[PDB]
């Protein structure tokens, strides 16, 4: 059991001890800022560069509110999967939970399953979580 990151500053990048494993649950607890921009992202990536992001989870308070899910490989973005629902709210606290499964990530927001994202690259290669944009973080916890 890895220790939680408590009140990490954004932008944040942090090691996932042992990498993503089938059954690992990562919790991101925080607050979407009220008036500090219109997007944030949680990135599950290989190392610290961010050129290789297995899963980019990117809520955008733009064009009615939607969430982009995508993968970056060797610096190139793939085809976006957009969920045209926004489960977050500017100025409001959230609990965001990611469950790593064999074929996909399951993402719950505030106790409710929000989206799944099927793996495009091997998940075992992911050892870093990064968070950027319009968000303040209280904690990131593991397992």
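Residue numbers count along the first chain shown, from 1. In this text, rigid core is short for the largest set of C-alphas that superpose within 1.5 Å between two forms.
Once the structures in 8 other deposited structures of this protein are superposed via the core, the pair 32 to 40 and 76 to 84 is resolved in favour of 32 to 40 as the more displaced stretch (C-alpha RMS). Looking at mean Cα B-factors across 73 to 81 and 50 to 58, the upper value is held by 73 to 81. The stretch with the higher mean CA B factor, choosing between 126 to 134 and 12 to 20, is 12 to 20. Residue-level temperature factors show residue 140 in the lowest third of its chain, judged at the C-alpha atom. Remark: residue 37 belongs to the middle third of its chain, ranked by C-alpha B-factor as recorded. Ranked against the other modelled residues of its chain, the C-alpha B-factor of residue 95 as given in the entry falls in the middle third. Split the chain's modelled residues into thirds by C-alpha temperature factor. Residue 108 is in the middle one. Residue 30 sits in the lowest third of its chain by CA B factor, as recorded in the PDB entry.
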